Amino acid sequence: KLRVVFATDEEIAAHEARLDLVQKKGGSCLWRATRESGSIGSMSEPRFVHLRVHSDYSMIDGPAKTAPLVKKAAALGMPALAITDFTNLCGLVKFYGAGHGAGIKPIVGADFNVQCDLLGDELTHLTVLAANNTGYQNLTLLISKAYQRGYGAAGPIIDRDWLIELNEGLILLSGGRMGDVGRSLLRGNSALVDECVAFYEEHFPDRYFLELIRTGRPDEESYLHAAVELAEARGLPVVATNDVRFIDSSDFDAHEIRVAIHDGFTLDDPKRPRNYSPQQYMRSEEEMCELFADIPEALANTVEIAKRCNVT
């Protein structure tokens, strides 16, 4: 019953061309690699691609260091990888070059906070991926528009409706429990889930995915069961992410410390926001496949979306 949105013939051709660019720029391509004493014949597809990954200083102050992210994907043998920093494209020129040097397909995106008239003034998460060079231009506009108009201590914010003019060549991951649909599912606001989802089915046909995430954070699994039930009733696709904030598990303690500094709280303040889990590291293809064994379609979509995202 769960929809896998397949890359079409045209998107497949653009993906094959995009991997040619990887190979012709950097001299290798992990997607087309044959292991020693394997054979071209028995080469295999990736099973999962990380489509939501932040560098260490994504939302806070400091440089966009994307090389350790490429280096880890390379340690892991992942053939493709997205960078989706918060409302910014800082690390992109370096990520693109390093992905190349590593034989990895670079996927371009960004994470936003979004406001929409249906949820009044509250802010929700959306991940935006660029599927083609028009989309990459539309991504840059959206980022610019979010800064152009001004921002408070809440930060740069996109209006949901800007997505109407700027929709072309964009693929959306819904924000999970933090998105407009997820918060309304968790609230049991069916009328509103219905409204939101009609927005994306109108303007983003096959380009909107309910994001599922298993990082042991509150309401994650209740949102997941509800999102799956919705997906099945509406024919909407689901996609697995790990919402990566740091490279290894052992990185959590310093990530917790940095965010605490930025927000202003000691680590022993029972009031300190605890929005992160040590499970938000760059999990292996195999760990992700195990963690979502019960929902193979959420994995398949990552791969299809990775083939559909071809920014040169």
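The rules we used
Residues numbered from 1 in each chain as written, not as in the entry; some residues may be left out. Heavy atoms only, no water. Helix = DSSP H or I, 4+ residues; strand = E, 2+ residues; numbered from the N terminus. Rg over C-alpha atoms; globule rule 2.2 N^0.38 Å. Contact = heavy atoms within 4.5 Å. Areas by Shrake-Rupley, 256 points an atom, 1.4 Å probe, with all protein chains shown as cover. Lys, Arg positive; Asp, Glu negative; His and termini not counted. Charge placed at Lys NZ, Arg CZ, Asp CG, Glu CD. Core = buried A, V, L, I, M, F, W, Y, C linked by side-chain atoms within 4.5 Å. Buried < 20%, exposed > 50% of the residue type's maximum accessible area, 1.4 Å probe, protein only. Polar contact = N/O pair within 3.5 Å; in protein donor to acceptor, adjacent residues only side chain to side chain. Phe/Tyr/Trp six-rings, centres within 6.5 Å; stacked < 30°, edge-to-face > 60°. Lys NZ or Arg CZ within 6 Å of the ring centre and 35° of its normal. Pairing = 2+ DSSP bridges. Salt bridge = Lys/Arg side-chain N within 4 Å of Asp/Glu carboxyl O. Right-handed = clockwise from strand over helix to strand, strands pointing away.

Looking at the PDB entry, the chain carries the name DNA polymerase III subunit epsilon,DNA polymerase III subunit alpha, with the source organism given as Escherichia coli.

**Q** Could you give me a rundown of the overall build of the chain, with the residues and numbers involved?
**A** Within the chain one finds 11 helices and seven strands. Here the C-alpha radius of gyration of the chain, 19 Å, is about what a compact globule of 312 residues would show, namely 20 Å. Taken along its principal axes, the extent of the C-alpha atoms in the chain is 55 × 45 × 40 Å. Partitioning the contacts of the chain with sequence separation of at least 6, the portion at a separation of at least 24 is 77%. Surface summary for the chain: the accessible area is close to 14,000 Å², and the carbon and sulfur share equals 52%. Here the chain contributes 32 positive and 45 negative side-chain charges, whose respective centroids are spaced 4 Å apart.

**Q** Give a detailed account of the nonpolar core, specifying residues and quantitative values.
**A** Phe112, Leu139, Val181, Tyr200, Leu210 and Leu212 are the most contacted members of the largest nonpolar core, which has 50 residues in total. Apart from residues no more than four positions distant in its own chain, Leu139 is found in contact with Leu89, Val108, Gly109, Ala110, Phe112, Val128, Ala130 and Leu170. Counting residues in each nonpolar core, the second largest holds 19 residues, with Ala80, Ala82, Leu173 and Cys309 among its members.

**Q** Can you lay out the side chain of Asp111 for me, pointing to particular residues and giving the numbers?
**A** Position of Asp111 relative to the elements: it lies in strand 2 (residues 105-115). Residue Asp111 is classed as buried on the basis of its relative accessible area of 4%. Here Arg52 takes part through its side chain, which lies 2.8 Å from a polar atom of the side chain of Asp111. With near-sequence residues (within four places) excluded, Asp111 lies in contact with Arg52, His54, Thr84, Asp85, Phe86, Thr87, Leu126, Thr127 and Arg245.

**Q** Pulling in residues and values, what's your account of the packing of aromatic side chains?
**A** Between two aromatic rings, the relevant description is the distance of the centres plus the angle of the planes. Under the defined criterion, the tally for this structure stands at four aromatic pairs. With centroids separated by 5.6 Å and ring planes inclined at 80 degrees, the aromatic side chains of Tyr147 and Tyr151 adopt a geometry described as edge-to-face. Ring pairing ties together the aromatic residues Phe199, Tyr200 and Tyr208, which thus form one cluster. Sitting over the ring of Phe199, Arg160 keeps its end group 3.9 Å from the ring centre.

**Q** Can you explain the pairing of strand 2? Please cite residues and give values.
**A** For strand 2, a buried count of 11 out of 11 residues is recorded, marking the element as mostly surrounded by other parts of the structure. Burial of strand 2 is two-sided: the residues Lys105, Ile107, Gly109, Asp111, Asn113 and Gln115 facing one way and the residues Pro106, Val108, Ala110, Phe112 and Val114 facing the other way are all buried. Here strand 1 (residues 80-86) pairs with strand 2 via seven bridges, running parallel. Note on strand 2: the bridge partner recorded for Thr84 is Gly109. Pairing of strand 2 with strand 3 (residues 124-130), which is carried by seven bridges, proceeds in the antiparallel orientation. Residue pairing in the sheet places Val114 in a bridge with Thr124 of strand 3. Bridging between strand 2 and strand 4 (residues 158-159) involves two bridges; their strand directions are parallel. Bridging from a neighbouring strand, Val114 pairs with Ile158 of strand 4.

**Q** With reference to specific residues and values, describe the pattern of salt bridges.
**A** Across all of its chains, the model carries 23 salt bridges by this definition. One salt bridge connects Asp56 with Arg258, and the closest N-O pair in it is separated by 3.6 Å. Of the two residues, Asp56 sits in the loop between helix 1 (9-26) and helix 2 (67-76) while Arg258 sits in helix 9 (residues 252-263), which places them 202 residues apart along the sequence. Owing to a relative accessible area of 35%, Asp56 belongs among the partly exposed residues under this scheme. Between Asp243 and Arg217 there is a salt bridge, with the nearest N and O atoms lying 3.1 Å from each other. With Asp243 in the loop between strand 7 (238-240) and helix 9 and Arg217 in the loop between strand 6 (208-212) and helix 8 (220-234), this pair connects stretches of sequence that are 26 residues apart. Classification of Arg217 by relative accessible area gives buried; the value is 11%.

**Q** A description of unusual backbone geometry should follow, citing residues and the corresponding values.
**A** Positive phi, close to 60 degrees, is recorded for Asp206, a residue that is not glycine. The residue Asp206 is located in the loop between helix 7 (190-203) and strand 6 in this model. Within the chain, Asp243 stands out as a residue other than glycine whose phi angle is a positive 40 degrees. Look at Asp243 and you get buried, because its relative accessible area is 4%.

**Q** Give a description of the pairing of strand 6 that names residues and reports values.
**A** Counting buried residues along strand 6, five of its five residues qualify, which places the element largely inside the surrounding structure. Going residue by residue along strand 6, you find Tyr208, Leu210 and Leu212 tucked away on one face and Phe209 and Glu211 tucked away on the opposite face as well. In this sheet, strand 6 lies alongside strand 5 (residues 170-173) in parallel orientation, the contact comprising two bridges. Pairing of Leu172 across the sheet is with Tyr208, part of strand 6. The sheet contact formed by strand 6 and strand 7 spans three bridges and is parallel. The residue bridging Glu211 from the neighbouring strand is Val239, located in strand 7. What joins strand 6 to strand 7 is helix 8, and the crossover it makes is right-handed.

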